[PDB]
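J.: The following file, data.tsv, comprises TSV, C-alpha atoms and all ligand atoms:
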chain	number	residue	atom	x	y	z
A	9	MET	CA	272.69	163.37	27.20
A	10	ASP	CA	270.99	166.42	25.68
A	11	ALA	CA	267.31	166.05	24.76
A	12	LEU	CA	267.49	167.69	21.34
A	13	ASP	CA	270.67	165.74	20.55
A	14	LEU	CA	268.98	162.41	21.37
A	15	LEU	CA	266.06	163.28	19.08
A	16	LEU	CA	268.20	164.51	16.17
A	17	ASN	CA	270.58	161.52	16.30
A	18	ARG	CA	268.20	158.78	17.51
A	19	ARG	CA	269.49	155.44	16.29
A	20	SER	CA	268.64	151.83	17.10
A	21	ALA	CA	271.12	149.02	17.72
A	22	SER	CA	270.67	145.40	16.69
A	23	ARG	CA	273.95	144.11	18.18
A	24	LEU	CA	273.13	144.02	21.89
A	25	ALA	CA	274.70	142.31	24.89
A	26	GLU	CA	274.83	142.22	28.67
A	27	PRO	CA	274.29	144.10	30.81
A	28	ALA	CA	270.60	144.66	30.27
A	29	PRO	CA	269.07	147.78	31.82
A	30	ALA	CA	267.85	146.74	35.23
A	31	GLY	CA	266.51	148.00	38.51
A	32	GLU	CA	265.93	151.71	38.42
A	33	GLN	CA	267.19	152.18	34.86
A	34	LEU	CA	264.70	149.61	33.56
A	35	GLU	CA	261.97	151.32	35.58
A	36	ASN	CA	262.91	154.60	33.86
A	37	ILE	CA	262.45	152.86	30.50
A	38	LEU	CA	259.02	151.59	31.53
A	39	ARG	CA	257.88	154.99	32.80
A	40	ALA	CA	258.99	156.58	29.52
A	41	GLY	CA	256.70	154.18	27.66
A	42	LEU	CA	253.79	155.11	29.94
A	43	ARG	CA	254.19	158.76	28.85
A	44	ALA	CA	253.19	157.95	25.24
A	45	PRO	CA	250.55	160.31	23.79
A	46	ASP	CA	247.15	158.80	24.45
A	47	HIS	CA	243.86	160.08	22.99
A	48	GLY	CA	241.24	159.88	25.76
A	49	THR	CA	243.80	158.74	28.38
A	50	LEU	CA	242.83	155.13	27.71
A	51	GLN	CA	246.30	153.76	28.64
A	52	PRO	CA	245.87	151.09	25.87
A	53	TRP	CA	249.09	149.21	26.66
A	54	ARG	CA	250.41	146.09	28.35
A	55	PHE	CA	254.16	145.50	28.77
A	56	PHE	CA	255.83	142.08	29.20
A	57	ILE	CA	259.40	141.87	30.57
A	58	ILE	CA	261.37	138.97	29.10
A	59	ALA	CA	264.68	138.17	30.77
A	60	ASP	CA	266.71	135.28	32.23
A	61	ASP	CA	264.68	132.03	31.89
A	62	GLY	CA	261.95	134.21	30.38
A	63	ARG	CA	264.09	134.18	27.24
A	64	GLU	CA	263.95	130.39	27.06
A	65	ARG	CA	260.16	130.50	27.58
A	66	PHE	CA	259.93	133.14	24.82
A	67	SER	CA	262.03	130.90	22.57
A	68	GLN	CA	259.64	127.99	23.13
A	69	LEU	CA	256.60	130.21	22.50
A	70	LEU	CA	258.06	131.59	19.25
A	71	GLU	CA	259.07	128.13	18.02
A	72	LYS	CA	255.56	126.83	18.66
A	73	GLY	CA	254.15	129.84	16.81
A	74	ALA	CA	256.49	129.28	13.86
A	75	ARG	CA	255.53	125.60	13.69
A	76	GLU	CA	251.85	126.50	13.92
A	77	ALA	CA	252.21	129.05	11.07
A	78	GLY	CA	253.69	126.35	8.82
A	79	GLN	CA	257.15	127.92	8.54
A	80	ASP	CA	260.05	125.90	7.17
A	81	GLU	CA	263.00	124.60	9.19
A	82	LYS	CA	264.98	127.80	8.70
A	83	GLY	CA	262.10	129.92	10.00
A	84	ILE	CA	261.53	127.69	13.03
A	85	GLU	CA	265.24	127.84	13.81
A	86	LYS	CA	265.26	131.63	13.47
A	87	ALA	CA	262.30	131.84	15.88
A	88	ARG	CA	264.08	129.53	18.35
A	89	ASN	CA	267.21	131.71	18.37
A	90	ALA	CA	265.46	135.10	18.29
A	91	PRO	CA	265.31	135.82	22.06
A	92	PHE	CA	269.03	135.24	22.56
A	93	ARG	CA	269.92	138.26	20.42
A	94	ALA	CA	269.52	140.52	23.46
A	95	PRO	CA	269.62	140.09	27.25
A	96	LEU	CA	266.18	141.71	27.63
A	97	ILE	CA	263.02	141.97	25.49
A	98	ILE	CA	259.90	144.01	26.24
A	99	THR	CA	256.79	142.91	24.36
A	100	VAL	CA	254.26	145.69	23.92
A	101	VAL	CA	250.60	144.83	23.41
A	102	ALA	CA	248.05	147.40	22.29
A	103	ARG	CA	245.17	146.59	24.66
A	104	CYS	CA	242.25	148.10	22.74
A	105	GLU	CA	238.71	148.92	23.91
A	106	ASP	CA	235.52	149.97	22.13
A	107	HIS	CA	235.55	153.75	22.35
A	108	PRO	CA	233.48	155.19	19.49
A	109	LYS	CA	235.27	158.52	19.73
A	110	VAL	CA	238.80	157.03	19.88
A	111	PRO	CA	239.49	154.81	16.84
A	112	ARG	CA	241.33	151.53	17.32
A	113	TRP	CA	244.29	152.68	15.17
A	114	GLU	CA	244.87	155.62	17.54
A	115	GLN	CA	245.07	153.26	20.52
A	116	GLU	CA	247.46	151.04	18.58
A	117	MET	CA	249.48	154.10	17.60
A	118	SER	CA	249.84	155.08	21.28
A	119	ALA	CA	251.21	151.61	22.07
A	120	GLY	CA	253.65	151.91	19.19
A	121	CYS	CA	254.80	155.28	20.50
A	122	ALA	CA	255.46	153.57	23.84
A	123	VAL	CA	257.92	151.26	22.09
A	124	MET	CA	259.84	154.15	20.58
A	125	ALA	CA	259.90	156.04	23.89
A	126	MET	CA	261.29	152.99	25.69
A	127	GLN	CA	264.04	152.59	23.07
A	128	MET	CA	264.86	156.30	23.48
A	129	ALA	CA	264.94	155.98	27.28
A	130	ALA	CA	267.36	153.09	26.86
A	131	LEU	CA	269.56	155.19	24.57
A	132	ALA	CA	269.41	158.13	26.98
A	133	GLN	CA	270.94	155.91	29.71
A	134	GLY	CA	273.78	154.34	27.71
A	135	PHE	CA	271.85	151.28	26.57
A	136	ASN	CA	270.00	150.86	23.29
A	137	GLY	CA	267.59	148.53	21.54
A	138	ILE	CA	265.72	147.74	18.35
A	139	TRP	CA	261.97	147.56	17.71
A	140	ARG	CA	261.25	144.24	15.98
A	141	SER	CA	258.01	142.69	14.86
A	142	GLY	CA	257.76	140.08	12.04
A	143	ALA	CA	254.97	137.64	11.12
A	144	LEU	CA	254.85	136.06	14.60
A	145	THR	CA	253.23	139.19	16.08
A	146	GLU	CA	250.14	137.77	14.29
A	147	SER	CA	250.61	134.13	15.42
A	148	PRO	CA	247.69	132.79	17.51
A	149	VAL	CA	250.10	130.81	19.71
A	150	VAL	CA	252.25	133.91	20.26
A	151	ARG	CA	249.29	136.24	20.86
A	152	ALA	CA	247.86	133.78	23.38
A	153	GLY	CA	251.24	133.75	25.12
A	154	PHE	CA	250.86	137.50	25.61
A	155	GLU	CA	247.18	137.23	26.67
A	156	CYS	CA	245.86	139.02	23.59
A	157	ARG	CA	242.12	139.33	23.26
A	158	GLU	CA	240.66	139.42	19.77
A	159	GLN	CA	240.87	143.22	19.55
A	160	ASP	CA	244.37	143.48	21.06
A	161	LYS	CA	247.53	143.67	18.97
A	162	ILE	CA	251.21	142.93	19.53
A	163	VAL	CA	252.89	146.09	18.23
A	164	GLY	CA	256.50	145.22	18.93
A	165	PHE	CA	259.18	143.06	20.50
A	166	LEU	CA	261.64	145.64	21.85
A	167	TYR	CA	265.06	144.04	22.19
A	168	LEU	CA	267.22	145.86	24.77
A	169	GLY	CA	270.76	145.77	26.10
A	170	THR	CA	274.18	147.35	25.94
A	171	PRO	CA	275.02	148.01	22.28
A	172	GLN	CA	278.29	146.49	21.06
A	173	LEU	CA	278.89	149.64	18.99
A	174	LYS	CA	278.48	153.06	20.54
A	175	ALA	CA	275.79	155.06	18.78
A	176	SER	CA	277.47	156.98	15.98
A	177	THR	CA	277.75	160.74	16.42
A	178	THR	CA	279.66	161.01	13.12
A	179	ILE	CA	276.66	161.10	10.74
A	180	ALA	CA	274.99	164.10	9.11
A	181	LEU	CA	271.49	165.25	10.05
A	182	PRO	CA	268.66	163.98	7.82
A	183	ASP	CA	267.64	165.98	4.75
A	184	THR	CA	264.07	167.31	4.94
A	185	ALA	CA	263.76	168.51	1.34
A	186	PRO	CA	262.10	165.40	-0.25
A	187	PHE	CA	259.58	164.95	2.61
A	188	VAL	CA	258.31	168.43	3.47
A	189	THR	CA	255.97	170.76	1.60
A	190	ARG	CA	254.35	174.09	2.43
A	191	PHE	CA	250.57	173.72	2.55
B	8	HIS	CA	270.00	172.25	27.94
B	9	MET	CA	267.18	169.76	28.52
B	10	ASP	CA	268.24	166.38	29.87
B	11	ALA	CA	267.16	163.66	27.45
B	12	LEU	CA	265.84	161.36	30.18
B	13	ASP	CA	263.81	164.16	31.79
B	14	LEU	CA	262.30	164.93	28.38
B	15	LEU	CA	261.11	161.33	28.11
B	16	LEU	CA	259.93	160.79	31.69
B	17	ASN	CA	258.24	164.21	32.01
B	18	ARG	CA	256.94	164.36	28.43
B	19	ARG	CA	253.71	166.28	28.13
B	20	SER	CA	251.74	167.85	25.30
B	21	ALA	CA	250.29	171.37	25.31
B	22	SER	CA	246.93	172.41	23.82
B	23	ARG	CA	247.03	176.11	24.81
B	24	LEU	CA	249.47	177.49	22.24
B	25	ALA	CA	250.40	180.98	21.05
B	26	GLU	CA	252.87	182.85	18.90
B	27	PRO	CA	255.71	182.54	18.35
B	28	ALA	CA	255.69	179.25	16.43
B	29	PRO	CA	259.04	177.50	15.98
B	30	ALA	CA	260.75	178.91	12.91
B	31	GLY	CA	264.01	178.79	11.01
B	32	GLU	CA	266.57	176.42	12.50
B	33	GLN	CA	264.26	175.41	15.34
B	34	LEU	CA	261.53	174.27	12.92
B	35	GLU	CA	264.18	172.52	10.83
B	36	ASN	CA	265.32	170.68	13.98
B	37	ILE	CA	261.71	169.57	14.57
B	38	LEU	CA	261.42	168.22	11.03
B	39	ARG	CA	264.77	166.40	11.28
B	40	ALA	CA	263.57	164.75	14.48
B	41	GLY	CA	260.50	163.41	12.66
B	42	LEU	CA	262.78	161.98	9.94
B	43	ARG	CA	264.61	159.90	12.60
B	44	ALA	CA	261.46	157.84	13.33
B	45	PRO	CA	262.05	154.06	13.52
B	46	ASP	CA	261.40	152.70	10.06
B	47	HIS	CA	261.19	149.01	9.16
B	48	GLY	CA	262.93	148.53	5.82
B	49	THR	CA	264.00	152.21	5.65
B	50	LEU	CA	260.96	152.89	3.51
B	51	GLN	CA	260.77	156.54	4.69
B	52	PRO	CA	256.92	156.24	4.62
B	53	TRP	CA	256.08	159.82	5.56
B	54	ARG	CA	255.20	163.22	4.13
B	55	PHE	CA	255.03	166.40	6.23
B	56	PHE	CA	252.97	169.53	5.46
B	57	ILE	CA	253.78	172.89	7.08
B	58	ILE	CA	250.59	174.84	7.81
B	59	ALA	CA	251.12	178.50	8.75
B	60	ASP	CA	250.03	182.02	7.84
B	61	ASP	CA	247.73	181.78	4.80
B	62	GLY	CA	248.07	177.98	4.85
B	63	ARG	CA	246.01	178.06	8.04
B	64	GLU	CA	243.15	179.68	6.16
B	65	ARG	CA	243.49	177.14	3.34
B	66	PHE	CA	243.51	174.32	5.93
B	67	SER	CA	240.43	175.86	7.57
B	68	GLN	CA	238.58	175.89	4.23
B	69	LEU	CA	239.52	172.25	3.54
B	70	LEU	CA	238.19	171.04	6.92
B	71	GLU	CA	235.05	173.15	6.49
B	72	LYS	CA	234.46	171.50	3.11
B	73	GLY	CA	234.94	168.05	4.64
B	74	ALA	CA	232.45	168.66	7.43
B	75	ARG	CA	229.96	170.24	4.99
B	76	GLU	CA	230.07	167.35	2.50
B	77	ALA	CA	229.60	164.86	5.34
B	78	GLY	CA	226.34	166.62	6.26
B	79	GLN	CA	227.45	167.95	9.65
B	80	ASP	CA	225.25	170.61	11.20
B	81	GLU	CA	226.24	174.28	11.40
B	82	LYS	CA	227.98	173.77	14.75
B	83	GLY	CA	230.20	170.98	13.42
B	84	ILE	CA	231.05	172.97	10.28
B	85	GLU	CA	232.05	175.98	12.39
B	86	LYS	CA	234.11	173.81	14.76
B	87	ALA	CA	235.94	172.32	11.77
B	88	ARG	CA	236.66	175.70	10.16
B	89	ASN	CA	237.83	177.27	13.45
B	90	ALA	CA	240.07	174.34	14.43
B	91	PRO	CA	243.34	175.48	12.72
B	92	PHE	CA	243.36	178.84	14.55
B	93	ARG	CA	244.13	177.22	17.91
B	94	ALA	CA	247.87	177.20	17.10
B	95	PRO	CA	250.25	179.36	15.03
B	96	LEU	CA	251.71	176.29	13.27
B	97	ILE	CA	250.37	172.86	12.31
B	98	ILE	CA	252.29	169.99	10.75
B	99	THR	CA	250.20	167.33	8.99
B	100	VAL	CA	251.87	163.90	8.75
B	101	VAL	CA	250.78	161.50	6.02
B	102	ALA	CA	251.79	157.86	6.20
B	103	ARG	CA	252.84	157.33	2.56
B	104	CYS	CA	252.54	153.54	2.34
B	105	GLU	CA	253.83	151.10	-0.27
B	106	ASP	CA	253.16	147.40	-0.82
B	107	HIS	CA	256.03	145.38	0.71
B	108	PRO	CA	255.08	141.92	2.06
B	109	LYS	CA	257.85	142.09	4.68
B	110	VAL	CA	256.59	145.46	5.97
B	111	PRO	CA	252.83	145.46	6.59
B	112	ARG	CA	250.89	148.71	6.24
B	113	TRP	CA	250.36	149.13	10.00
B	114	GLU	CA	254.14	149.26	10.61
B	115	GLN	CA	254.56	152.05	8.06
B	116	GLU	CA	251.69	153.93	9.69
B	117	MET	CA	253.44	153.35	13.02
B	118	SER	CA	256.63	154.92	11.69
B	119	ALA	CA	254.70	158.03	10.57
B	120	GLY	CA	252.92	158.19	13.94
B	121	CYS	CA	256.29	158.00	15.71
B	122	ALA	CA	257.41	160.91	13.53
B	123	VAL	CA	254.59	162.99	15.04
B	124	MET	CA	255.68	162.18	18.61
B	125	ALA	CA	259.34	162.90	17.78
B	126	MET	CA	258.40	166.29	16.30
B	127	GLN	CA	256.32	167.12	19.37
B	128	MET	CA	259.29	166.14	21.58
B	129	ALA	CA	261.65	168.27	19.47
B	130	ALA	CA	259.31	171.22	19.98
B	131	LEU	CA	259.27	170.56	23.72
B	132	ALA	CA	263.08	170.20	23.77
B	133	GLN	CA	263.44	173.75	22.38
B	134	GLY	CA	260.99	175.58	24.64
B	135	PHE	CA	257.96	175.12	22.40
B	136	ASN	CA	255.34	172.38	22.67
B	137	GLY	CA	252.32	171.04	20.85
B	138	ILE	CA	249.58	168.48	20.71
B	139	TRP	CA	248.98	165.61	18.33
B	140	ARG	CA	245.37	165.86	17.07
B	141	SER	CA	243.41	163.78	14.60
B	142	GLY	CA	239.60	163.64	14.67
B	143	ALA	CA	236.99	162.28	12.28
B	144	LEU	CA	237.96	164.48	9.31
B	145	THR	CA	241.34	162.76	8.85
B	146	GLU	CA	239.23	160.23	6.91
B	147	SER	CA	237.31	162.79	4.86
B	148	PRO	CA	237.92	162.22	1.12
B	149	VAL	CA	238.30	165.93	0.34
B	150	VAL	CA	240.69	166.41	3.28
B	151	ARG	CA	242.79	163.41	2.19
B	152	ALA	CA	242.89	164.81	-1.36
B	153	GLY	CA	244.07	168.15	0.01
B	154	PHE	CA	247.07	166.35	1.50
B	155	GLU	CA	247.73	164.27	-1.67
B	156	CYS	CA	246.77	160.93	-0.05
B	157	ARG	CA	246.55	157.94	-2.38
B	158	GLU	CA	244.04	155.24	-1.28
B	159	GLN	CA	246.82	153.43	0.59
B	160	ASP	CA	248.04	156.56	2.39
B	161	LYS	CA	246.74	157.80	5.77
B	162	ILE	CA	246.66	161.09	7.66
B	163	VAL	CA	248.07	160.01	11.02
B	164	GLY	CA	248.00	163.40	12.72
B	165	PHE	CA	247.69	167.16	12.73
B	166	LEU	CA	250.48	168.30	15.05
B	167	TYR	CA	249.55	171.71	16.49
B	168	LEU	CA	252.68	173.66	17.55
B	169	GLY	CA	253.46	176.91	19.34
B	170	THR	CA	254.59	178.52	22.57
B	171	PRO	CA	252.96	176.83	25.59
B	172	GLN	CA	251.41	178.63	28.58
B	186	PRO	CA	249.13	147.88	36.49
B	187	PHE	CA	250.78	147.71	33.06
B	188	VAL	CA	253.82	145.43	33.47
B	189	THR	CA	253.94	141.63	33.65
B	190	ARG	CA	257.00	139.41	34.09
B	191	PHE	CA	256.99	136.79	31.32
C	1	LIG	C1	256.54	149.18	13.77
C	1	LIG	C2	257.97	148.85	13.44
C	1	LIG	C3	258.37	147.52	13.31
C	1	LIG	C4	259.69	147.19	13.00
C	1	LIG	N1	260.07	145.85	12.89
C	1	LIG	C5	261.38	145.51	12.58
C	1	LIG	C6	261.79	144.16	12.46
C	1	LIG	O1	261.00	143.21	12.62
C	1	LIG	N2	263.10	143.89	12.15
C	1	LIG	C7	264.01	144.92	11.96
C	1	LIG	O2	265.19	144.68	11.68
C	1	LIG	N3	263.61	146.24	12.08
C	1	LIG	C8	262.30	146.54	12.38
C	1	LIG	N4	261.94	147.88	12.51
C	1	LIG	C9	262.98	148.95	12.28
C	1	LIG	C10	263.96	149.07	13.44
C	1	LIG	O3	263.21	149.27	14.62
C	1	LIG	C11	264.95	150.22	13.20
C	1	LIG	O4	264.29	151.45	12.96
C	1	LIG	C12	265.84	149.91	12.00
C	1	LIG	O5	266.84	149.02	12.43
C	1	LIG	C13	266.45	151.19	11.43
C	1	LIG	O6	267.46	151.63	12.31
C	1	LIG	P1	267.37	153.10	12.99
C	1	LIG	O7	266.20	153.10	13.96
C	1	LIG	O8	268.65	153.28	13.77
C	1	LIG	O9	267.17	154.17	11.95
C	1	LIG	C14	260.63	148.21	12.82
C	1	LIG	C15	260.22	149.55	12.94
C	1	LIG	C16	258.89	149.87	13.25
C	1	LIG	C17	258.43	151.30	13.39
C	2	LIG	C1	247.13	159.10	17.24
C	2	LIG	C2	246.69	160.09	18.28
C	2	LIG	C3	245.68	161.01	17.99
C	2	LIG	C4	245.27	161.93	18.95
C	2	LIG	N1	244.27	162.84	18.66
C	2	LIG	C5	243.86	163.74	19.62
C	2	LIG	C6	242.86	164.68	19.35
C	2	LIG	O1	242.30	164.73	18.25
C	2	LIG	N2	242.49	165.56	20.35
C	2	LIG	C7	243.08	165.53	21.59
C	2	LIG	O2	242.73	166.33	22.47
C	2	LIG	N3	244.08	164.61	21.86
C	2	LIG	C8	244.47	163.73	20.88
C	2	LIG	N4	245.46	162.81	21.17
C	2	LIG	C9	246.09	162.85	22.53
C	2	LIG	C10	247.05	164.06	22.64
C	2	LIG	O3	248.03	164.00	21.62
C	2	LIG	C11	247.73	164.08	24.01
C	2	LIG	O4	248.44	162.88	24.25
C	2	LIG	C12	246.69	164.27	25.12
C	2	LIG	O5	246.24	165.62	25.08
C	2	LIG	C13	247.26	163.92	26.49
C	2	LIG	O6	248.27	164.84	26.84
C	2	LIG	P1	249.78	164.34	27.15
C	2	LIG	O7	250.38	163.90	25.82
C	2	LIG	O8	250.59	165.49	27.70
C	2	LIG	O9	249.75	163.17	28.10
C	2	LIG	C14	245.88	161.92	20.21
C	2	LIG	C15	246.89	161.00	20.50
C	2	LIG	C16	247.29	160.09	19.53
C	2	LIG	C17	248.37	159.10	19.83
I'd like the structure from this file rewritten - as structure tokens, please.
Ligand SMILES: Cc1cc2nc3c(=O)[nH]c(=O)nc-3n(C[C@H](O)[C@H](O)[C@H](O)COP(=O)(O)O)c2cc1C
Ligand SMILES: Cc1cc2nc3c(=O)[nH]c(=O)nc-3n(C[C@H](O)[C@H](O)[C@H](O)COP(=O)(O)O)c2cc1C
T.:
Amino acid sequence: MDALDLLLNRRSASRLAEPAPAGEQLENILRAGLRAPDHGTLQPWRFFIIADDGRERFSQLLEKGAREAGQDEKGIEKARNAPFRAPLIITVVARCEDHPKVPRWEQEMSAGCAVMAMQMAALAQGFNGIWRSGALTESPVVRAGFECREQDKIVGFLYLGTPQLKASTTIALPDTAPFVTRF
Amino acid sequence: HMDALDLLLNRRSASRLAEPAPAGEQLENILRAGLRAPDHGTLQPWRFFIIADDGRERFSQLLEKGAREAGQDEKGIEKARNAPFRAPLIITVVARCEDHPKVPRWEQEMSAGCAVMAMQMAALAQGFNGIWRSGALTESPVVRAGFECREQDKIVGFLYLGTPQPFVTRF
């Protein structure tokens, strides 16, 4: 795949199935995330790989978080079923530290950029994924499951796999006119 | 041209930048890359500002004003005013945020931040490069007013552009 083409046509996929990226292709995804821009080279990220019986453990963690948040039956059921929408999930935590010259939001932003880079690396190899978050990124139960300290943040659950639909190449490039001004 | 995977795995920024800046169709490609940022709710929560030629001088004056009104000393004021002349082109990205309970503010800021990275990568993909900068004056009231920021908006980066010269756990 061409680099400019990937960037111009970057699309996510929510319908995902086996096979998951694995072995060297998963390692390529992880290294792409570690190349996220990073003010001060703080490497403010932790990555959790969720696969196989990890998905069942993730289901139990999310259900407990949904119950603890007071969600209704439908929300608890959605949390229970969430991990089985893809064969692999990578949870990205912004691991933040007190650096007076590097604001917290910049460290979080670097972790978020890692998510996007990993989705792009998936796409570049014939896989795809979708960056998901929702209210349970803020659940104490869920954050404790991902070893969050008080200043850390879950910035995404990146669902990964083989997309059921090939990424469309039949769609026009975005229009810049409403978003761009000359300063 | 450039392999997509090699772009991602070897991605690097560049701070030493010179003319020529990307222009014409190559700049348009950079902007279109930013507009493909992941976007929860398709809120399109971004505004881009092209800073070049006389806009660099106007940007310089705005930063100088911000440093001056914050009481910085002469060195800080001069560093602020000189900053835009380190690259032939700068793109300012504003996270233009709206109240949607299903899409918290931080996610919209994230989308705008991802737009910066995508634009930097599009520069790199075309033989240019750049560096995402921010600094303390992104918060300056006069600087935010210069970029039309409402209280809920945020300057997430100044992307300088030109011609260049232990983490993983199994759950
Ligand atoms: C920080 C962040 C959080 C997101 N969270 C969700 C989410 O919880 N659920 C969802 O469907 N999309 C979410 N999205 C949007 C998707 O990742 C994706 O961009 C969306 O499906 C639009 O498709 P596209 O990327 O192909 O344009 C999020 C995006 C960002 C930047
Ligand atoms: C939100 C954000 C703001 C940043 N601001 C600056 C900055 O003001 N000055 C700077 O030298 N680097 C800044 N960086 C880091 C650079 O963009 C770049 O990542 C750094 O020079 C490391 O080079 P590399 O991207 O090639 O790894 C910032 C990064 C992020 C994510």
J.: With distances taken over all atoms listed in the file, which of A:120, A:29, A:78, A:95 is nearest to ligand LIG 2 (chain C)?
T.: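 The shortest atom-to-atom distance to ligand LIG 2 (chain C) comes from A:120.
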J.: Collect all residues with atoms no farther than 10 Å from ligand LIG 1 (chain C), counting only C-alpha atoms and all ligand atoms, and output them as an MDAnalysis selection string.
T.: (chainID A and resid 17:22 117 120:121 123:124 127 136:145 163:167 175:176) or (chainID B and resid 42:51 109:122)
J.: Identify, counting all atoms listed in the file, the protein, DNA and RNA residues located within 10 Å of ligand LIG 2 (chain C), and give them as an MDAnalysis selection string.
T.: (chainID A and resid 42:50 109:122) or (chainID B and resid 17:22 117 120:121 123:124 127 136:145 162:167)
J.: Rounded to one decimal, what separation in Å do you get between atom CA of residue 27 of chain B and atom CA of residue 102 of chain B?
T.: 27.8 Å
J.: Within 6 Å of chain B, which residues of chain A come that close, and what is the closest atom pair and distance in Å for each? Count all atoms listed in the file and give it as a tab-separated table.
T.:
residue	atom	partner	partner_atom	distance
A:9	CA	B:11	CA	5.5
A:10	CA	B:10	CA	5.0
A:11	CA	B:11	CA	3.6
A:12	CA	B:132	CA	5.6
A:15	CA	B:40	CA	5.4
A:16	CA	B:40	CA	4.9
A:40	CA	B:16	CA	4.8
A:54	CA	B:187	CA	5.0
A:55	CA	B:188	CA	4.7
A:56	CA	B:189	CA	4.9
A:57	CA	B:190	CA	4.9
A:58	CA	B:191	CA	5.4
A:62	CA	B:191	CA	5.7
A:121	CA	B:121	CA	5.7
A:132	CA	B:12	CA	5.8
A:182	CA	B:39	CA	5.7
A:187	CA	B:54	CA	4.9
A:188	CA	B:55	CA	4.7
A:189	CA	B:56	CA	5.0
A:190	CA	B:57	CA	4.8
A:191	CA	B:58	CA	5.4
J.: So how many Å separate atom CA of residue 34 of chain B and atom CA of residue 168 of chain B, to one decimal?
T.: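 Distance between the two atoms: 10.0 Å.
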J.: Can you tell me how far atom CA of residue 150 of chain B sits from atom CA of residue 77 of chain B, in Å to one decimal?
T.: 11.4 Å
J.: Compare A:26, A:158, A:35, A:76 by their minimum atom-to-atom distance to residue 101 of chain A, counting all atoms listed in the file, and give me the closest one.
T.: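 Among the listed residues, the smallest separation from residue 101 of chain A belongs to A:158.
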J.: Rebuild segment 164-175 of chain A so that it carries N, CA, C and O atoms, then output the result as a PDB file, in the frame of the given file.
T.:
ATOM      1  N   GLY A 164     255.063 145.309  19.035  1.00  0.00           N
ATOM      2  CA  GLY A 164     256.500 145.220  18.930  1.00  0.00           C
ATOM      3  C   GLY A 164     257.133 144.295  19.948  1.00  0.00           C
ATOM      4  O   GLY A 164     256.582 144.077  21.032  1.00  0.00           O
ATOM      5  N   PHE A 165     258.263 143.709  19.573  1.00  0.00           N
ATOM      6  CA  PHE A 165     259.180 143.060  20.500  1.00  0.00           C
ATOM      7  C   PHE A 165     260.404 143.966  20.588  1.00  0.00           C
ATOM      8  O   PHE A 165     261.177 144.041  19.633  1.00  0.00           O
ATOM      9  N   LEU A 166     260.563 144.663  21.703  1.00  0.00           N
ATOM     10  CA  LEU A 166     261.640 145.640  21.850  1.00  0.00           C
ATOM     11  C   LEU A 166     262.824 144.954  22.500  1.00  0.00           C
ATOM     12  O   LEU A 166     262.791 144.653  23.697  1.00  0.00           O
ATOM     13  N   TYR A 167     263.845 144.666  21.701  1.00  0.00           N
ATOM     14  CA  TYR A 167     265.060 144.040  22.190  1.00  0.00           C
ATOM     15  C   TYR A 167     265.953 145.105  22.807  1.00  0.00           C
ATOM     16  O   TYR A 167     266.143 146.148  22.196  1.00  0.00           O
ATOM     17  N   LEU A 168     266.510 144.840  23.999  1.00  0.00           N
ATOM     18  CA  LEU A 168     267.220 145.860  24.770  1.00  0.00           C
ATOM     19  C   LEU A 168     268.528 145.303  25.337  1.00  0.00           C
ATOM     20  O   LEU A 168     268.635 144.120  25.674  1.00  0.00           O
ATOM     21  N   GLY A 169     269.523 146.177  25.458  1.00  0.00           N
ATOM     22  CA  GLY A 169     270.760 145.770  26.100  1.00  0.00           C
ATOM     23  C   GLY A 169     271.822 146.839  25.954  1.00  0.00           C
ATOM     24  O   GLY A 169     271.518 147.993  25.659  1.00  0.00           O
ATOM     25  N   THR A 170     273.060 146.448  26.195  1.00  0.00           N
ATOM     26  CA  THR A 170     274.180 147.350  25.940  1.00  0.00           C
ATOM     27  C   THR A 170     274.639 147.160  24.500  1.00  0.00           C
ATOM     28  O   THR A 170     274.994 146.038  24.119  1.00  0.00           O
ATOM     29  N   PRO A 171     274.625 148.193  23.673  1.00  0.00           N
ATOM     30  CA  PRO A 171     275.020 148.010  22.280  1.00  0.00           C
ATOM     31  C   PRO A 171     276.518 147.736  22.172  1.00  0.00           C
ATOM     32  O   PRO A 171     277.327 148.332  22.886  1.00  0.00           O
ATOM     33  N   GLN A 172     276.879 146.806  21.283  1.00  0.00           N
ATOM     34  CA  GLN A 172     278.290 146.490  21.060  1.00  0.00           C
ATOM     35  C   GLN A 172     279.033 147.656  20.422  1.00  0.00           C
ATOM     36  O   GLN A 172     280.232 147.839  20.673  1.00  0.00           O
ATOM     37  N   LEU A 173     278.344 148.437  19.594  1.00  0.00           N
ATOM     38  CA  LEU A 173     278.890 149.640  18.990  1.00  0.00           C
ATOM     39  C   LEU A 173     278.229 150.854  19.609  1.00  0.00           C
ATOM     40  O   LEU A 173     276.999 150.911  19.706  1.00  0.00           O
ATOM     41  N   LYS A 174     279.041 151.815  20.049  1.00  0.00           N
ATOM     42  CA  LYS A 174     278.480 153.060  20.540  1.00  0.00           C
ATOM     43  C   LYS A 174     277.717 153.736  19.415  1.00  0.00           C
ATOM     44  O   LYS A 174     278.103 153.659  18.242  1.00  0.00           O
ATOM     45  N   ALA A 175     276.598 154.363  19.772  1.00  0.00           N
ATOM     46  CA  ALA A 175     275.790 155.060  18.780  1.00  0.00           C
ATOM     47  C   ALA A 175     276.642 156.104  18.068  1.00  0.00           C
ATOM     48  O   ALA A 175     277.303 156.931  18.705  1.00  0.00           O
TER      49      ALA A 175
END
